[PDB]
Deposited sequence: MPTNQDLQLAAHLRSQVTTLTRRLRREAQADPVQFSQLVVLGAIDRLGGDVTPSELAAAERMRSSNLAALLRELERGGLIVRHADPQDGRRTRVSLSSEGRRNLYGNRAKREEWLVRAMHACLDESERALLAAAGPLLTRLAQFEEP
């Protein structure tokens, strides 16, 4: 393992985490909304019919803490709790999540038109799927 591979990893890490944190700010959502969005996005990611436990585990979230945000989400109609207990997005929940994601994506399009040319977007299109491959790596 070369040191140059170590500096490529350091760079890739800072770039991908730094871009992810900017996209966080583009949610345009106060503390309460932001905490809620994370839970919501997590449920949709896991396929939308999930135990509190599975959700806590996937978000390395604490059982105690999720219990309370799940409580807020139901009061606000964004999730629906059945049946073991499983939570789902209500269609208000979807409209909200997809909503925020549509904002962040509009934002990014405008970054990409202002920051990059066509051949640079084409590189990002080739490179982006390799991020997924590293994200899904099993050794």
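Do you know which deposited regions have no coordinates at all? Missing from the model are residues 1, 85-90, 147.
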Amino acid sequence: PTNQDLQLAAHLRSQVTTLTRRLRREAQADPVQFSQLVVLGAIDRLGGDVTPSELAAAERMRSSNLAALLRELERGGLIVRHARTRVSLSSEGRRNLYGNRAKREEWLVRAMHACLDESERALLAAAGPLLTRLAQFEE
From here on, numbers count along this sequence of modelled residues.
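Higher-B stretch (mean Cα B-factor, as the entry records it), 23-31 or 89-97: It is 23-31.
Mean C-alpha B-factor comparison - 60-68 and 102-110, higher one: Of 60-68 and 102-110, the stretch with the higher C-alpha B-factor average is 60-68.
Cα B factor band for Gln4 (lowest, middle or highest third within the chain): Middle third of the chain for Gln4's C-alpha B-factor.
Please say which third, lowest, middle or highest, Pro52 falls into when its CA temperature factor is compared across its chain. As the PDB entry reports it, the C-alpha B-factor of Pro52 lands in the middle third of its chain.
Taking the values exactly as deposited, rank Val39 by C-alpha B-factor within its chain and report the matching third: lowest, middle or highest. Lowest third of the chain for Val39's C-alpha B-factor.
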